[PDB]
Number of protein chains: 2
Amino acid sequence: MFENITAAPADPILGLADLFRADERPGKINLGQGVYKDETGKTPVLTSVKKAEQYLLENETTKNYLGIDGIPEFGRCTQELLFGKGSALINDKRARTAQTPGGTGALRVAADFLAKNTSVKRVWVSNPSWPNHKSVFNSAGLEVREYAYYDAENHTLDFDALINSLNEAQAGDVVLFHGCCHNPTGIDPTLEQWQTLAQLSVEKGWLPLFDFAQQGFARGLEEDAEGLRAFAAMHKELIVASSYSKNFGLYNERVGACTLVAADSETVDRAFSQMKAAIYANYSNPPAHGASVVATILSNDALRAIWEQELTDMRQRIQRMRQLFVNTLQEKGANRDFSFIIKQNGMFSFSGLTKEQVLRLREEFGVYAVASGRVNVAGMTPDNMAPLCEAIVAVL
Amino acid sequence: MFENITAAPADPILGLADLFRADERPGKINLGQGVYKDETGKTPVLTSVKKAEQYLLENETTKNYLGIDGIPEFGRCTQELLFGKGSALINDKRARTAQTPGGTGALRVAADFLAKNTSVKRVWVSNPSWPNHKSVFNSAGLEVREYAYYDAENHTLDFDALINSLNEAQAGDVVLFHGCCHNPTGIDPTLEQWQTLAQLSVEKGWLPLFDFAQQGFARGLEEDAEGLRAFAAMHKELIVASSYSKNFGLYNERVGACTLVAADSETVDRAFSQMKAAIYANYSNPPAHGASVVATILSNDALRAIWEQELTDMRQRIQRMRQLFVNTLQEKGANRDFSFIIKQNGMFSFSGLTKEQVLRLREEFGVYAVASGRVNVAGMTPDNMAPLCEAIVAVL
Ligand SMILES: Cc1ncc(COP(=O)(O)O)c(CN[C@@H](C)C(=O)O)c1O
Ligand SMILES: Cc1ncc(COP(=O)(O)O)c(CN[C@@H](C)C(=O)O)c1O
């Protein structure tokens, strides 16, 4: 049965990580991966997380199954984070949240739920997007189409091209929005622009699907949710895939959420029952430990305050690196203006380097970025900045 | 989009659990759920698990993503548990294991992998089976067919009916075998009978899929794997979905494995690459904590010994309950011979009670079993045994 199975192609992200480990050069620099790194180059466990895990170790008396939608508090705290305390959506009970194995699991649960219980055939994502979106939706049998997004001259949101593009989307198509900190570009809509997309989408009949991978990494927890909130104010129906991977540093524990919103509480409950069947036929029920850490942090005043500062420190260190990057490039002699990096948000920026330029940075300089030019800004530190920028300057 | 979505039907397992909690009677007895309970009625965290979690709390310095197939040691220990130390399969490197979110996740990963990379159209499961099998395979677009299994007169494996049934299976159909401790019947093939099924399956061209939910609950870790091993000796190709939920008491942490076996190491690696794409398009990578507990227990002499005794204690307590059940029924006046319970294995037994009898046991007596007559033997204790059996006796 297996004699003739075609190999899965390469995978440059792992390919890059492999090439990076085997690189026996002292001053190699990884900007190619998807996780936060602190000033030291490490992806540490947050102090708040460690305290939560201790508490769970001392107080857990069973590992009995969670319900299909996971820990009730987790869902409640997730809904407040996304929609704000006081949200009519929450008051009217129009939102149901399932705990999922990460943001990816959330996208997959949404994808299966739609493919099986609606007429949805098609999902629109930005060009470029993170490449897993396409594979998740394709697996549930959903076509994926691209909308224009990035302006390559100006390193900016090509808004006219985006709108023009999406006029091709029919009533009943899904349109996926990165809630903040666009992956791979770092370029987000302004509030004025979100508001405009919200109007267009109700007029055209799109089901909005928000992907929140980095809430708290642009300007703050609440600010970063504004776009989603402008849509929430306008729409009867939407879906949110969220991840706690980056903002709690809980990558490997698979801590995410799929949140379903419908016109009313009777409707969301009915729809959600089928979202639960879709979880049931997949991984049955979600993994406790990570989500439990999150719920125990969010629902405790002291731990939440510690965690909010930790999140603020990550956001600011990225912001200082964006600025040190541009300032160091100007003074190592760079033949372009990079101040567009400052206006970009979160862990990622399109550097504007060519695929040949990134290839060269790897081979000559041991500086590793993704083929598209995506850099992880958190991969920069005050110590590796000088040589990072020298190398780039040399390739321009 | 969601206005007209049909509700997911009820769900008696949750329906039963709900009805059981709201039951305000002092002496209610739950035999209806899928988890182990100790003499006290609790589903506790194993001591070995608690020690492993402490160690992880003190030594983990990152939660960075695991690879798509999870923790390498986990896979290695999984393969030894299934195939035995010394297994040629392992020596020849014909087996690849992915860590998965539970046994269910393992079945789903297998289901997607097959639906997408082979001509498999159809999976054969026992009548009866656990009802999640059907939903998992149906979700990946696989037809499910039933093979005969249970002999209702004799409370026995109707082996002639099973073979006769499976002659309808074409070359290239999957046939799912419960490795031990059949759910819901407790009835397993003898070694002689496994050996015979192994021969038939190579002759008919079936892809065997083993589901191991309760390894160590029939007679012992190694004994319980004999059936799988007789198949392994005979086949170039098979798949194993395993779970550590019951044997480590790690239900909510979603600790399982999908193990792929092919004729050779070149082939399994190629096939496994596509199994990994199927994980990638689903939950991306698996949850660390639970599997990490398992690997840290299995690869440490002291902790493994503690855990093996704990597993032996669970198996024996079930065996003592099977015997106390039959002995108490004889002496509370039961109008049938129940000694078939003693020959049944693991947490489950088909009691042979009718759906009307189970309904009555609930309404009159607050004794809760599943509609089919499935009882969880671990739900019995020396304290609830007298009244359990009185109630049954009264309904016969
Ligand atoms: C937009 C977006 N969606 C989903 C995810 C996945 O989150 P989970 O770990 O919760 O499933 C990421 C992570 N981006 C990193 C990891 C990348 O660059 O690959 C992301 O950037
Ligand atoms: C045969 C079988 N397969 C898979 C599973 C699921 O294991 P995971 O929790 O690892 O996904 C179970 C558990 N049986 C119990 C829980 C039941 O009666 O519902 C099972 O009995």
# chains A, B, ... in the order shown; residues from 1 in each chain; ligands from 1
$ select_by_dssp --residues "stretch 11-212 of chain A" --states "helix (DSSP H, G or I)" --output "PyMOL selection string"
chain A and resi 12-22+47-59+72-83+88-91+102-117+132-139+159-166+191-204
$ write_last_selection --atoms "C-alpha atoms" --output "tab-separated table (two decimals), in the first residue's frame"
chain	number	residue	atom	x	y	z
A	12	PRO	CA	12.54	25.09	4.12
A	13	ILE	CA	11.61	26.14	7.70
A	14	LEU	CA	12.99	22.85	9.09
A	15	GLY	CA	15.61	22.83	6.30
A	16	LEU	CA	16.75	26.22	7.50
A	17	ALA	CA	16.71	25.17	11.16
A	18	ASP	CA	18.76	22.06	10.26
A	19	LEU	CA	21.27	24.02	8.19
A	20	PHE	CA	21.45	26.51	11.09
A	21	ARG	CA	22.31	23.88	13.75
A	22	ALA	CA	24.99	22.14	11.61
A	47	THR	CA	8.10	33.42	35.34
A	48	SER	CA	4.32	33.62	35.46
A	49	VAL	CA	4.12	30.28	33.67
A	50	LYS	CA	6.59	28.63	36.06
A	51	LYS	CA	4.50	29.89	39.03
A	52	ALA	CA	1.32	28.61	37.48
A	53	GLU	CA	2.89	25.15	36.82
A	54	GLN	CA	4.02	24.89	40.47
A	55	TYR	CA	0.56	25.71	41.63
A	56	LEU	CA	-0.90	23.07	39.26
A	57	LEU	CA	1.63	20.50	40.41
A	58	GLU	CA	0.60	21.08	44.04
A	59	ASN	CA	-3.20	21.29	43.54
A	72	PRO	CA	-14.66	26.90	30.99
A	73	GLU	CA	-12.59	29.74	32.56
A	74	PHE	CA	-10.10	29.52	29.71
A	75	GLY	CA	-12.86	30.21	27.24
A	76	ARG	CA	-14.24	33.08	29.35
A	77	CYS	CA	-10.84	34.77	29.70
A	78	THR	CA	-10.21	34.21	25.99
A	79	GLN	CA	-13.49	35.97	25.12
A	80	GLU	CA	-12.68	38.99	27.31
A	81	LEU	CA	-9.19	39.30	25.81
A	82	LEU	CA	-10.60	39.26	22.32
A	83	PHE	CA	-13.78	41.30	22.73
A	88	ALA	CA	-22.34	43.14	24.14
A	89	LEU	CA	-21.28	39.98	22.30
A	90	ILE	CA	-20.42	38.46	25.67
A	91	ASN	CA	-23.49	39.94	27.46
A	102	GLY	CA	-2.80	25.83	19.36
A	103	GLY	CA	-3.89	28.44	16.85
A	104	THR	CA	-3.35	25.89	14.05
A	105	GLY	CA	-5.77	23.47	15.71
A	106	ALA	CA	-8.19	26.35	15.96
A	107	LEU	CA	-7.90	27.06	12.22
A	108	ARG	CA	-8.41	23.35	11.48
A	109	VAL	CA	-11.41	23.00	13.76
A	110	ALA	CA	-12.89	26.09	12.04
A	111	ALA	CA	-12.04	24.65	8.61
A	112	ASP	CA	-13.69	21.29	9.34
A	113	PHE	CA	-16.67	22.93	11.00
A	114	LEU	CA	-17.31	25.12	7.91
A	115	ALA	CA	-16.62	22.42	5.28
A	116	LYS	CA	-19.06	20.11	7.00
A	117	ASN	CA	-21.92	22.39	8.18
A	132	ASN	CA	0.27	26.79	6.93
A	133	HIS	CA	-3.04	28.56	6.37
A	134	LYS	CA	-3.21	27.08	2.88
A	135	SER	CA	-2.49	23.52	4.01
A	136	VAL	CA	-4.99	23.68	6.86
A	137	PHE	CA	-7.84	24.83	4.65
A	138	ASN	CA	-6.88	22.52	1.74
A	139	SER	CA	-6.97	19.52	4.16
A	159	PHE	CA	-4.86	49.11	0.42
A	160	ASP	CA	-6.36	49.95	-2.99
A	161	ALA	CA	-4.97	46.64	-4.34
A	162	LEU	CA	-6.41	44.77	-1.32
A	163	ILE	CA	-9.98	46.11	-1.79
A	164	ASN	CA	-9.83	45.69	-5.62
A	165	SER	CA	-8.67	42.09	-5.07
A	166	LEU	CA	-11.46	41.13	-2.71
A	191	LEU	CA	-8.21	51.42	12.71
A	192	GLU	CA	-9.70	53.67	9.92
A	193	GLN	CA	-8.78	50.88	7.43
A	194	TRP	CA	-10.19	48.09	9.63
A	195	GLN	CA	-13.47	50.01	9.91
A	196	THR	CA	-13.58	50.23	6.09
A	197	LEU	CA	-12.91	46.49	5.70
A	198	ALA	CA	-15.65	45.78	8.22
A	199	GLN	CA	-18.17	47.78	6.12
A	200	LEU	CA	-17.13	46.16	2.86
A	201	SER	CA	-17.43	42.66	4.37
A	202	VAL	CA	-21.02	43.07	5.57
A	203	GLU	CA	-21.92	44.54	2.13
A	204	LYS	CA	-20.24	41.68	0.20
$ residues_near_ligand --ligand "ligand 2" --cutoff "8 Å" --atoms "only C-alpha atoms and all ligand atoms" --output "ChimeraX atom specification"
/A:65,283-285 /B:13,33-35,101-106,129-130,132-133,178,181-184,211-214,242-246,251-252,254-256
$ write_last_selection --atoms "N, CA, C and O atoms" --output "CSV table (one decimal), in the first residue's frame"
chain,number,residue,atom,x,y,z
A,65,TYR,N,-10.6,13.6,31.7
A,65,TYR,CA,-10.9,14.4,30.5
A,65,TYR,C,-11.6,15.7,30.8
A,65,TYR,O,-12.4,15.9,31.7
A,283,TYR,N,-9.4,15.2,17.7
A,283,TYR,CA,-8.5,14.8,18.8
A,283,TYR,C,-9.3,14.6,20.1
A,283,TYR,O,-8.7,14.5,21.1
A,284,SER,N,-10.6,14.5,20.0
A,284,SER,CA,-11.5,14.2,21.1
A,284,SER,C,-11.8,15.3,22.1
A,284,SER,O,-12.9,15.6,22.4
A,285,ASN,N,-10.7,15.8,22.7
A,285,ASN,CA,-10.8,16.8,23.7
A,285,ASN,C,-9.4,17.4,23.9
A,285,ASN,O,-8.4,16.8,23.4
B,13,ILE,N,-23.2,9.6,26.3
B,13,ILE,CA,-22.1,9.6,27.2
B,13,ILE,C,-22.0,10.9,28.1
B,13,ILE,O,-22.0,10.8,29.3
B,33,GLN,N,-18.7,5.6,32.6
B,33,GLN,CA,-17.7,6.4,32.0
B,33,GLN,C,-16.5,5.5,31.6
B,33,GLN,O,-16.4,4.3,31.9
B,34,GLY,N,-15.5,6.1,30.9
B,34,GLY,CA,-14.4,5.5,30.3
B,34,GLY,C,-13.1,5.5,31.0
B,34,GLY,O,-12.1,5.0,30.4
B,35,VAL,N,-13.1,6.0,32.2
B,35,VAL,CA,-11.8,6.1,33.0
B,35,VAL,C,-11.7,5.2,34.2
B,35,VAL,O,-12.7,4.7,34.7
B,101,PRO,N,-2.0,13.9,19.8
B,101,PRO,CA,-2.9,14.2,21.0
B,101,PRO,C,-3.9,13.1,21.3
B,101,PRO,O,-5.0,13.1,20.8
B,102,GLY,N,-3.4,12.2,22.0
B,102,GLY,CA,-4.2,11.0,22.4
B,102,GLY,C,-4.3,9.9,21.3
B,102,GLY,O,-3.8,10.1,20.2
B,103,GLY,N,-4.8,8.8,21.7
B,103,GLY,CA,-5.2,7.7,20.8
B,103,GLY,C,-6.1,8.2,19.7
B,103,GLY,O,-6.0,7.8,18.5
B,104,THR,N,-7.1,9.0,20.0
B,104,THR,CA,-8.0,9.6,19.0
B,104,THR,C,-7.3,10.3,17.9
B,104,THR,O,-7.4,10.1,16.7
B,105,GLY,N,-6.4,11.2,18.4
B,105,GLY,CA,-5.6,12.0,17.4
B,105,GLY,C,-4.8,11.1,16.5
B,105,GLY,O,-4.5,11.3,15.3
B,106,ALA,N,-4.3,10.0,17.1
B,106,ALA,CA,-3.5,9.0,16.4
B,106,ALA,C,-4.5,8.4,15.3
B,106,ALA,O,-4.1,8.3,14.1
B,129,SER,N,-18.3,-1.6,18.4
B,129,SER,CA,-17.0,-0.9,18.7
B,129,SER,C,-17.4,0.3,19.6
B,129,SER,O,-18.5,0.7,19.7
B,130,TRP,N,-16.4,0.8,20.2
B,130,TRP,CA,-16.4,2.2,20.6
B,130,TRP,C,-16.9,3.1,19.5
B,130,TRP,O,-16.4,3.0,18.3
B,132,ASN,N,-16.6,6.3,18.6
B,132,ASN,CA,-15.7,7.4,18.0
B,132,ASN,C,-14.9,6.9,16.8
B,132,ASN,O,-14.6,7.7,15.9
B,133,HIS,N,-14.7,5.6,16.7
B,133,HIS,CA,-13.9,5.1,15.6
B,133,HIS,C,-14.6,5.6,14.3
B,133,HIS,O,-14.0,6.2,13.4
B,178,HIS,N,-8.7,-4.1,18.0
B,178,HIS,CA,-8.4,-3.6,19.4
B,178,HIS,C,-7.3,-4.5,19.9
B,178,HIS,O,-7.5,-5.8,20.0
B,181,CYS,N,-8.1,-5.8,25.6
B,181,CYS,CA,-9.2,-5.1,26.3
B,181,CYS,C,-10.2,-4.4,25.4
B,181,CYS,O,-10.4,-3.2,25.4
B,182,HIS,N,-10.9,-5.3,24.6
B,182,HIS,CA,-11.8,-4.8,23.6
B,182,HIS,C,-12.9,-3.8,24.3
B,182,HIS,O,-13.3,-4.1,25.4
B,183,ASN,N,-13.1,-2.7,23.7
B,183,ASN,CA,-14.1,-1.7,24.1
B,183,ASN,C,-15.3,-1.8,23.1
B,183,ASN,O,-15.1,-1.5,21.9
B,184,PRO,N,-16.5,-2.2,23.5
B,184,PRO,CA,-17.0,-2.3,24.9
B,184,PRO,C,-17.1,-3.7,25.5
B,184,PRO,O,-17.5,-3.7,26.7
B,211,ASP,N,-5.5,-0.6,17.5
B,211,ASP,CA,-5.8,0.4,18.5
B,211,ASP,C,-5.6,-0.1,19.8
B,211,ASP,O,-6.2,-1.1,20.3
B,212,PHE,N,-4.6,0.5,20.5
B,212,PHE,CA,-4.2,0.1,21.8
B,212,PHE,C,-4.5,1.2,22.8
B,212,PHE,O,-3.8,2.2,22.9
B,213,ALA,N,-5.6,1.0,23.6
B,213,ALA,CA,-6.1,2.1,24.5
B,213,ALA,C,-5.8,1.7,25.9
B,213,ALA,O,-5.8,2.6,26.8
B,214,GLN,N,-5.5,0.4,26.1
B,214,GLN,CA,-5.4,-0.1,27.5
B,214,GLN,C,-4.3,-1.1,27.6
B,214,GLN,O,-4.4,-2.1,28.3
B,242,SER,N,-1.8,4.3,19.5
B,242,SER,CA,-1.8,3.9,20.9
B,242,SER,C,-2.1,5.1,21.8
B,242,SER,O,-1.9,6.3,21.4
B,243,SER,N,-2.6,4.8,23.0
B,243,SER,CA,-2.9,5.8,24.0
B,243,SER,C,-2.2,5.5,25.4
B,243,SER,O,-2.2,4.4,25.9
B,244,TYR,N,-1.7,6.5,26.0
B,244,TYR,CA,-1.2,6.5,27.4
B,244,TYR,C,-2.2,7.1,28.4
B,244,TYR,O,-1.9,7.3,29.5
B,245,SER,N,-3.5,7.3,27.9
B,245,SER,CA,-4.5,7.9,28.8
B,245,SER,C,-4.9,7.1,30.0
B,245,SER,O,-4.9,7.7,31.1
B,246,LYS,N,-5.1,5.8,29.8
B,246,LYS,CA,-5.5,5.0,30.9
B,246,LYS,C,-4.3,4.4,31.6
B,246,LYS,O,-4.3,4.4,32.9
B,251,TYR,N,-5.3,11.1,30.9
B,251,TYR,CA,-6.4,11.4,30.0
B,251,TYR,C,-6.4,12.8,29.4
B,251,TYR,O,-6.4,13.0,28.1
B,252,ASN,N,-6.4,13.9,30.2
B,252,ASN,CA,-6.6,15.3,29.7
B,252,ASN,C,-5.4,15.9,29.0
B,252,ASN,O,-5.5,17.0,28.5
B,254,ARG,N,-3.6,14.4,26.6
B,254,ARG,CA,-3.7,13.9,25.2
B,254,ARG,C,-2.4,13.3,24.8
B,254,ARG,O,-1.6,13.9,24.0
B,255,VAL,N,-2.1,12.1,25.3
B,255,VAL,CA,-0.8,11.5,25.1
B,255,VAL,C,-1.0,10.2,24.4
B,255,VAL,O,-1.5,9.2,24.9
B,256,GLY,N,-0.7,10.2,23.1
B,256,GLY,CA,-0.9,9.0,22.2
B,256,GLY,C,0.2,8.9,21.2
B,256,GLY,O,1.2,9.7,21.1
$ residues_around --residues "residue A:365" --least-positions-apart "2" --cutoff "12 Å" --atoms "only C-alpha atoms" --output "VMD selection string"
chain A and resid 20 23 25 to 30 357 to 363 367 to 369 387 to 395
$ write_last_selection --atoms "N, CA and C atoms" --output "PDB file, in the first residue's frame"
ATOM      1  N   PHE A  20      20.994  25.611  10.027  1.00  0.00           N
ATOM      2  CA  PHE A  20      21.454  26.510  11.095  1.00  0.00           C
ATOM      3  C   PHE A  20      22.168  25.786  12.250  1.00  0.00           C
ATOM      4  N   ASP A  23      25.623  24.452  11.143  1.00  0.00           N
ATOM      5  CA  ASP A  23      26.555  25.519  10.807  1.00  0.00           C
ATOM      6  C   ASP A  23      27.566  25.670  11.951  1.00  0.00           C
ATOM      7  N   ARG A  25      29.972  27.707  12.481  1.00  0.00           N
ATOM      8  CA  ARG A  25      30.591  29.031  12.552  1.00  0.00           C
ATOM      9  C   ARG A  25      30.200  29.723  13.840  1.00  0.00           C
ATOM     10  N   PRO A  26      31.156  30.450  14.451  1.00  0.00           N
ATOM     11  CA  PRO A  26      30.883  30.990  15.784  1.00  0.00           C
ATOM     12  C   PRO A  26      29.757  32.020  15.758  1.00  0.00           C
ATOM     13  N   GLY A  27      29.812  32.967  14.815  1.00  0.00           N
ATOM     14  CA  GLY A  27      28.898  34.111  14.812  1.00  0.00           C
ATOM     15  C   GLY A  27      27.660  34.012  13.929  1.00  0.00           C
ATOM     16  N   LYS A  28      27.171  32.802  13.702  1.00  0.00           N
ATOM     17  CA  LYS A  28      25.933  32.595  12.948  1.00  0.00           C
ATOM     18  C   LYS A  28      24.738  33.287  13.627  1.00  0.00           C
ATOM     19  N   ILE A  29      23.771  33.741  12.842  1.00  0.00           N
ATOM     20  CA  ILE A  29      22.650  34.493  13.401  1.00  0.00           C
ATOM     21  C   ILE A  29      21.380  33.990  12.770  1.00  0.00           C
ATOM     22  N   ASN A  30      20.491  33.475  13.613  1.00  0.00           N
ATOM     23  CA  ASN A  30      19.183  32.971  13.187  1.00  0.00           C
ATOM     24  C   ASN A  30      18.108  34.045  13.330  1.00  0.00           C
ATOM     25  N   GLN A 357      19.738  37.523  -2.315  1.00  0.00           N
ATOM     26  CA  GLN A 357      20.357  38.189  -1.167  1.00  0.00           C
ATOM     27  C   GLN A 357      20.291  37.369   0.134  1.00  0.00           C
ATOM     28  N   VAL A 358      19.159  36.709   0.404  1.00  0.00           N
ATOM     29  CA  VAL A 358      19.078  35.934   1.629  1.00  0.00           C
ATOM     30  C   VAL A 358      19.973  34.710   1.490  1.00  0.00           C
ATOM     31  N   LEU A 359      19.958  34.081   0.322  1.00  0.00           N
ATOM     32  CA  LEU A 359      20.840  32.928   0.080  1.00  0.00           C
ATOM     33  C   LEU A 359      22.299  33.292   0.345  1.00  0.00           C
ATOM     34  N   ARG A 360      22.717  34.450  -0.153  1.00  0.00           N
ATOM     35  CA  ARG A 360      24.079  34.938   0.068  1.00  0.00           C
ATOM     36  C   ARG A 360      24.372  35.228   1.545  1.00  0.00           C
ATOM     37  N   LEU A 361      23.421  35.832   2.234  1.00  0.00           N
ATOM     38  CA  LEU A 361      23.602  36.121   3.647  1.00  0.00           C
ATOM     39  C   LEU A 361      23.902  34.828   4.428  1.00  0.00           C
ATOM     40  N   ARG A 362      23.243  33.742   4.054  1.00  0.00           N
ATOM     41  CA  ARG A 362      23.494  32.443   4.652  1.00  0.00           C
ATOM     42  C   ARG A 362      24.883  31.881   4.326  1.00  0.00           C
ATOM     43  N   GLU A 363      25.207  31.827   3.031  1.00  0.00           N
ATOM     44  CA  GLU A 363      26.423  31.156   2.568  1.00  0.00           C
ATOM     45  C   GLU A 363      27.674  31.945   2.934  1.00  0.00           C
ATOM     46  N   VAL A 367      24.132  34.391   8.278  1.00  0.00           N
ATOM     47  CA  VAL A 367      22.939  35.087   8.719  1.00  0.00           C
ATOM     48  C   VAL A 367      21.768  34.448   7.995  1.00  0.00           C
ATOM     49  N   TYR A 368      20.806  33.962   8.774  1.00  0.00           N
ATOM     50  CA  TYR A 368      19.748  33.108   8.284  1.00  0.00           C
ATOM     51  C   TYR A 368      18.424  33.846   8.360  1.00  0.00           C
ATOM     52  N   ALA A 369      17.820  34.113   7.201  1.00  0.00           N
ATOM     53  CA  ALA A 369      16.435  34.588   7.112  1.00  0.00           C
ATOM     54  C   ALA A 369      15.681  33.640   6.205  1.00  0.00           C
ATOM     55  N   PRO A 387      27.260  43.098  13.519  1.00  0.00           N
ATOM     56  CA  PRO A 387      27.610  42.186  12.425  1.00  0.00           C
ATOM     57  C   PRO A 387      26.420  41.800  11.537  1.00  0.00           C
ATOM     58  N   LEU A 388      25.210  41.852  12.091  1.00  0.00           N
ATOM     59  CA  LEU A 388      24.021  41.543  11.315  1.00  0.00           C
ATOM     60  C   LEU A 388      23.912  42.557  10.201  1.00  0.00           C
ATOM     61  N   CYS A 389      23.973  43.825  10.597  1.00  0.00           N
ATOM     62  CA  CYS A 389      23.825  44.933   9.680  1.00  0.00           C
ATOM     63  C   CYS A 389      25.018  45.094   8.720  1.00  0.00           C
ATOM     64  N   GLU A 390      26.225  44.766   9.166  1.00  0.00           N
ATOM     65  CA  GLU A 390      27.393  44.812   8.291  1.00  0.00           C
ATOM     66  C   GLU A 390      27.175  43.857   7.136  1.00  0.00           C
ATOM     67  N   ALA A 391      26.785  42.630   7.493  1.00  0.00           N
ATOM     68  CA  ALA A 391      26.542  41.579   6.533  1.00  0.00           C
ATOM     69  C   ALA A 391      25.486  42.024   5.525  1.00  0.00           C
ATOM     70  N   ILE A 392      24.366  42.557   6.014  1.00  0.00           N
ATOM     71  CA  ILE A 392      23.290  43.020   5.111  1.00  0.00           C
ATOM     72  C   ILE A 392      23.829  44.094   4.180  1.00  0.00           C
ATOM     73  N   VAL A 393      24.428  45.133   4.768  1.00  0.00           N
ATOM     74  CA  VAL A 393      25.051  46.209   4.003  1.00  0.00           C
ATOM     75  C   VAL A 393      25.917  45.662   2.866  1.00  0.00           C
ATOM     76  N   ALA A 394      26.681  44.596   3.129  1.00  0.00           N
ATOM     77  CA  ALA A 394      27.614  44.008   2.141  1.00  0.00           C
ATOM     78  C   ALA A 394      26.924  43.323   0.963  1.00  0.00           C
ATOM     79  N   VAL A 395      25.665  42.932   1.151  1.00  0.00           N
ATOM     80  CA  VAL A 395      24.889  42.172   0.169  1.00  0.00           C
ATOM     81  C   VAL A 395      23.970  43.073  -0.663  1.00  0.00           C
TER      82      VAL A 395
END
$ closest_residue --among "A:41, A:131, A:366, A:220" --to "ligand 1" --atoms "only C-alpha atoms and all ligand atoms"
A:131
$ closest_atom_pairs --of "chain B" --to "ligand 1" --cutoff "12 Å" --atoms "only C-alpha atoms and all ligand atoms" --output "tab-separated table"
residue	atom	partner	partner_atom_place_in_ligand_line	distance
B:63	CA	ligand 1	9 (O)	11.0
B:64	CA	ligand 1	16 (C)	9.6
B:65	CA	ligand 1	9 (O)	7.7
B:66	CA	ligand 1	9 (O)	10.4
B:67	CA	ligand 1	9 (O)	11.8
B:68	CA	ligand 1	9 (O)	11.5
B:279	CA	ligand 1	11 (O)	11.5
B:280	CA	ligand 1	11 (O)	9.6
B:281	CA	ligand 1	11 (O)	10.3
B:282	CA	ligand 1	11 (O)	9.3
B:283	CA	ligand 1	11 (O)	6.5
B:284	CA	ligand 1	11 (O)	6.1
B:285	CA	ligand 1	11 (O)	7.8
B:286	CA	ligand 1	11 (O)	9.8
B:287	CA	ligand 1	9 (O)	10.3
$ closest_residue --among "A:378, A:142, A:95, A:157" --to "residue A:119" --atoms "only C-alpha atoms"
A:142
$ select_by_dssp --residues "stretch 38-133 of chain A" --states "strand (DSSP E)" --output "list in words"
residues 95, 96, 97, 98, 99, 100, 101, 122, 123, 124, 125 and 126 of chain A
$ closest_residue --among "B:382, B:352, B:172, B:373" --to "chain A" --atoms "only C-alpha atoms"
B:172
$ closest_residue --among "A:260, A:174, A:241, A:271" --to "chain B" --atoms "only C-alpha atoms"
A:271
$ closest_residue --among "A:278, A:341, A:230, A:31" --to "chain B" --atoms "only C-alpha atoms"
A:278
$ closest_residue --among "B:231, B:338, B:206, B:149" --to "chain A" --atoms "only C-alpha atoms"
B:206
$ residues_around --residues "residue B:124" --least-positions-apart "6" --cutoff "7 Å" --atoms "only C-alpha atoms" --output "PyMOL selection string"
chain B and resi 144-147+174-176
